[PDB]
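In what follows, a single structure is set out as structure tokens and then discussed.
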Amino acid sequence: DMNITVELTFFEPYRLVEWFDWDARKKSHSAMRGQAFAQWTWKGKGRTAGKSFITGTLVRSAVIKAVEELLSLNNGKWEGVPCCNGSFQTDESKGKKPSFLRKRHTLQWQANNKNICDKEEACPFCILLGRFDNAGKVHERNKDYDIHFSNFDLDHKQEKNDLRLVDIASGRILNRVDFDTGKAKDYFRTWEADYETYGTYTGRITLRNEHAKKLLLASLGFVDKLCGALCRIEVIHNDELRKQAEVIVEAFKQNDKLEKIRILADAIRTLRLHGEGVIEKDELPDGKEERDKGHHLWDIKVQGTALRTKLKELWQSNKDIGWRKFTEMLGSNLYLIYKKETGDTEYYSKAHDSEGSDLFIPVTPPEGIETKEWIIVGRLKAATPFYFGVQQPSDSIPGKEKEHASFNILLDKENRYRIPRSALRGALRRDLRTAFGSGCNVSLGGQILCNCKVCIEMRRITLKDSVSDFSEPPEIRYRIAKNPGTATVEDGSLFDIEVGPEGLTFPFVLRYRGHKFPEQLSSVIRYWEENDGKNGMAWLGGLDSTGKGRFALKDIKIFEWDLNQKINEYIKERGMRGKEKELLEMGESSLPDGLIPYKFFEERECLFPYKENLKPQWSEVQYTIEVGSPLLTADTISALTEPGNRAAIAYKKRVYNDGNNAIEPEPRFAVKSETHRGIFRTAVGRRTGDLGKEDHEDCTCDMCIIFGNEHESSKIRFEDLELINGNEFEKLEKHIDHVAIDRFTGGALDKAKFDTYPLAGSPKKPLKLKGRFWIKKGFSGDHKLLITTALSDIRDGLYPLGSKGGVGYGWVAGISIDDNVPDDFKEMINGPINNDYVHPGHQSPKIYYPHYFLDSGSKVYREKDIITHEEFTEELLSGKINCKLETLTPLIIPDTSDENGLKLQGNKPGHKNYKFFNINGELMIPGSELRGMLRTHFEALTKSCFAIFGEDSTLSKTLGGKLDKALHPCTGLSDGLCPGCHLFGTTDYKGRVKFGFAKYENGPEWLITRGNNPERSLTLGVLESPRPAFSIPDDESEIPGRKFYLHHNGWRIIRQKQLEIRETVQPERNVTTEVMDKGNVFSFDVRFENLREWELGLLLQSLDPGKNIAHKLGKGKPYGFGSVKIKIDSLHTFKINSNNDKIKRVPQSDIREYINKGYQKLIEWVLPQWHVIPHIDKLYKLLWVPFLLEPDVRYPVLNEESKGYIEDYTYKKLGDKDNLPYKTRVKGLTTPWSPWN
RNA sequence: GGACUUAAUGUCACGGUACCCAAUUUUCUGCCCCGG
RNA sequence: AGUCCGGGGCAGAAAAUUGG
Ligand SMILES: [Zn+2]
Ligand SMILES: [Zn+2]
Ligand SMILES: [Zn+2]
Ligand SMILES: [Zn+2]
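If you count by the entry's author numbering, then the first sequence holds residues 5 to 240, 269 to 374, 385 to 444, 454 to 880, 896 to 912, 920 to 1029, 1393 to 1601, 1612 to 1634, 1639 to 1657, 1660 to 1689, one letter each, in order.
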């Protein structure tokens, strides 16, 4: 008669499955999969929006479980009303079994038989079961049930609008992972809903009988499991943005930037990290300061207006959907615009086909025992960034079946990071399995309960979903798949990961309902705890091998309730299900009645199972690296934002303050753990020689076990490499510019200036890089010594951290070990040569021209069979070459980052004030300078090709067509490759030789130039861009060759006529800087790996040409500035085999049996005689230094200079076709020291 | 409240981490000669 | 035939943004 209506208060994302029909359930095994979940209904025939509900039989079963447990904990004394065990058996005559069996450990008593119960004085348990009711199972046909559990429809939130399924349910994927491997054994769909809006259900229950109210109310207040989540029970633009993306893609298409229709989309999606003002306040980075072209991508005129203003207008017209939801949507639209033109297994196992035993299994607790419960709550901090997976992007489509980018992180409808309950439960399962030492892998579909070692405690433990107290867009980490064959990027190798920020805190609960608190839980809770040394090791989440998902549970507080005497207080309070947020900050003085904290908790070093199989599983050892060279991490995509106009910037992490909200304003510069892993993997592969094989799917070599494979999870996992020595520089970030000098004109290419922007760092003050790497307790002695050798290879600087190693960036120079108990791995870790070759150089030993051309004909040889960049080869040499860079003439190397370094701009506005290159206040030399000069020298010596050529040019058109089809630059790696690029390295192939940064640390610091008018500096004559029109004027003449300058003491003229060139003419249109003195001792290194024997000698004596020959460096090369010669200190060589652990150097007997092989090989294309070769003689003639006589070399003037031209030999008489025809002009620029007079 | 949507003497889906391999990267001197 | 002429033109193109 009297009716009860109750509400369902959900405090965790529940589940719901399409109901279909009972007869149609067996058709869809997902139906029996979701019989314990909620249900969904469809109104129309077009699968339109409907309504959701939970079956009344489900809440009936929940009530039955609640009464069974409550009566079992009460020992059958429910306020003096005994209850019988009850009947759970069917098939009395012909079956008629209920739609759901039990297959559960039913709890009963010893006897529990006060009297025989019939349908006259039935027990309250009988009434709740309704065994003696007046209704059957076939159909209702009336309200004849003693107790009725009707539908539980929605709350008031379900207005008559017929809410869409998308607004209430979201598609999701649930996984399962085996122990020994790490691959997803099986995945299946799920429809995890939300508890924010549609988190309440209302249902009506009827109880015709009277002697059942107290137990029913106690059960209703005791149930804590409903649809798969906690519950509290009480009694009561896609079209306009699509068109815009199409328009902008078409505009970029006619803008010839067909390939560039993706890099702007990447940066636009990156804009969600930044605020509205990143595109609204003023603009994206402006770009070139004075080129009158703007930024190479953002200041581009699209549909008339600039791209930095067209998108601003778009934002102004689309402010409705906010910043994040507009930026992400526009990025997805751009991805779709580009992509419009450019198997796994499931396992549900919910069926009765296995068997039909369904045997009753009584389980009676022992008499006199005390059963308690424990709630473990705290904060789950993440000391490392965390990534959580999700189904394919934009493929969720809830309610239907059969952005688009990256591996999206899991976010709720609130659009913030969240740890799914299932992931935390699985991590706990794995950790408890490790603590036990043995168990059974989870196999679904089992009709009988799995009596595993760890499965027993799973029935008695529960935990809830966790959501961030933080809502910001996540950064997008970049990963590449570099081929070990060529150490570069191949097709289909880049992808994106949307990791979160480190330091974020999460709520975390662990409620255990068992007889006694197990020691394994008490050990794993300290294993996760962040103690003084443990620091937490909860590897919860995804990409655990890479280094993401190492949570450290913190601030653990213990509470326990009573189920034997204080059950009714638990019934009243319901265990604070959903109130754990207040429980986090609820102090010791505000505890409710009972619920004393569990005071039997022990310390970390007190439990046996912790020290047996919990902590030994991981042995973290932290090592600090110092680097004496600038470091660059290639964050180019993020460089298309923030002021600076720089095409290459370092990668910066993002951390969250502990105890303080929001991100610190200063980002943490760091090296990605992904590169930390890649360098180690490449090193171990090259030492083992197993890189470059077919695959590692079924392989079991030295690589698959240590670093994982397609099947098994990696047994080594790393962490982010962060820089700790940050606040000790005040100039931590240093700008360095790079150019690609044309080999035909001696100047910059048409469009090749690739400016960079790396960190700072000096050999006397290095960047302290700190990190850690984890080892599991299964590596044998050989593998441990192998990993120590892996560290030792970094100790010798073989592998450069960061990018652009071939210049000298990020050269490690030693690793130190901390005192975090690393003792497991701590224990395991003559005269310089000088060539005597002398060149005569008797072209004019007793008027010249500064730059000469080197014609070498059309004879070109290229090596089709490229030498792979795989594991080190024993016979091919590899090592370092220490050298002394000796300065003869003043050396002029400007730090072009600061155009006002000399602070002379105030006296002369608009005058460039360059400063000498220096890193962290110490004298340095750009590695790229030596790289380029030595590459030019080697290529000209080998006369192979033109490394950099200025194609598509007009000279007095088609300058690239005049050059014959044999000297073209290094094309793809199929038709051939330049021998000069075979060693130095062309595109899509890493060069084996990595140049270094020189550290002088000796000699006079400055060229004082006593008596000079300029103060603590000097001036220099303004230089003009080359005009190759006069170089190759005649159409009949084909092309000149390489451009080489001459060596002379021409700096004396500049140092003498300084006032006549800096004050008389060009008051502002001039460049000035500081130069070096003579006799400056230097030291720089030239590393290499896997070099052929015959190329090593060429490299060595092209480094040191010999006596009376020096290399040209710095500006003012036509003016004679910067004549320097480098002499080898000692050529080293290391042995791959561990037998020869110590490194060796070649004998100092003039480096015997090395250069002669290359000298002999050159004739195909005892002391060496390089003047017996037509082109080497000319090459060495141009580099001859006739000052260690004094020839004078200078540019002539057209008609009359401002101060000079003492007199003939001007640009008219020489330029006239009669007095000096152009036919002999090329001859005069090719023959060294021609007699122009 | 009937009506979309359940049977009732019996659901461990707290019976399952979208978990796994793939180094944002190699290559490039901040260089300098005459032409409407 | 009739005097001035320049001292800044490059300031990144080119290679991958999907495969088991
Ligand atoms: Zn009874
Ligand atoms: Zn088990
Ligand atoms: Zn293998
Ligand atoms: Zn080449």
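Each residue gets a CB set at the ideal place from its N, CA and C atoms; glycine is no exception.
Got a sec, what are the start and stop residues for the alpha helix (DSSP H) residue i sits in?
i	result
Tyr1626	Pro1620 to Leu1628
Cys1414	It is not in any alpha helix (DSSP H) - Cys1414 carries neither H nor E in the DSSP assignment.
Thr413	Unbroken run through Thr413: none, as it is neither H nor E.
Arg301	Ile295 to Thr302
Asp844	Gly832 to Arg846
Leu366	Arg356 to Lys371
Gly1000	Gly1000 to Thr1015
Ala283	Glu272 to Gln286
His727	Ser724 to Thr739
Let me confirm a value: residue i is counted as buried when at least 16 other C-beta atoms fall within 10 Å, else exposed. Which label applies?
i	result
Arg625	buried
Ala538	buried
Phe402	exposed
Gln1615	exposed
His1484	buried
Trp1601	exposed
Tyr1663	exposed
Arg564	buried
Could you name the residues of the same chain whose beta carbon sits closer than 8 Å to that of residue i, not counting the 5 residues immediately before and after it, in chain order?
i	result
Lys161	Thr201, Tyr202 and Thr204
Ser854	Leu683, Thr684, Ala685, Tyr860 and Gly861
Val1429	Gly857, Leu1419, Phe1420, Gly1421, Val1522, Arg1523, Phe1524, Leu1527 and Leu1535
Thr840	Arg738 and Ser1574
Within a Cβ cutoff of 7 Å, which residues of the same chain sit near residue i, ignoring the five residues on either side of it in sequence?
i	result
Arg64	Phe153
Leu12	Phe156, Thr204, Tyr205, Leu230, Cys235 and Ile237
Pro524	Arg304, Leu305 and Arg356
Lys937	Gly1412
Enumerate in chain order the residues of its own chain whose CB-to-CB distance from residue i is below 6 Å, with the five nearest sequence positions on each side excluded.
i	result
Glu72	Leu111
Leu1003	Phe1431
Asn89	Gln112 and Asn116
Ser1453	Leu975 and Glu1510
Residue i and residue j look like a contact to me (Cβ under 8 Å); what is the Cβ gap, rounded to whole Å?
i	j	result
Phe568	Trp669	Contact doesn't hold; Cβ gap of about 25 Å is too wide.
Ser364	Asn466	Incorrect: roughly 15 Å between the Cβ atoms, too far for contact.
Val735	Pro873	So it is not a contact: roughly 19 Å between Cβ atoms.
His834	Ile757	6 Å
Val1517	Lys957	6 Å
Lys1426	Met997	So it is not a contact: roughly 24 Å between Cβ atoms.
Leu772	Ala811	Going by Cβ atoms, the distance from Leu772 to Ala811 rounds to 17 Å, so no, they are not a contact pair.
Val67	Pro128	Their Cβ separation, rounded to whole angstroms, is 12 Å, which puts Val67 and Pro128 out of contact at 8 Å.
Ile1572	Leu1539	Incorrect: roughly 25 Å between the Cβ atoms, too far for contact.
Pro963	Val1511	4 Å
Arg421	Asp182	No, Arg421 and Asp182 are not in contact; Cβ-Cβ is about 30 Å, not under 8 Å.
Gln43	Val10	The Cβ separation is near 18 Å, so there is no contact.
With residue i as the anchor, note down where its beta strand (DSSP E) starts and where it stops.
i	result
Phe1518	Counting along the chain, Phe1518 falls outside any beta strand (DSSP E), and DSSP gives it neither H nor E.
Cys755	Here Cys755 belongs to no beta strand (DSSP E); instead the alpha helix (DSSP H) covers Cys755 to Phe758.
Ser544	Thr539 to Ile548
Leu561	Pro558 to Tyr563
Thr675	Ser670 to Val678
Any chance you could list the alpha helix (DSSP H) runs of at least 4 consecutive residues sitting entirely within the segment 19-98, in chain order?
26-29, 33-37 and 60-77
Any chance you could list the beta strand (DSSP E) runs of at least 3 consecutive residues sitting entirely within the segment 1537-1572, in chain order?
1559-1569
3 or more residues per run - each beta strand (DSSP E) lying fully within the segment 615-663
none
Whole beta strand (DSSP E) runs in the segment 1462-1491 with 3 or more residues, listed along the chain?
1478-1480
Sequence ranges, alpha helix (DSSP H) only - wholly within the segment 756-813, length at least 4:
none
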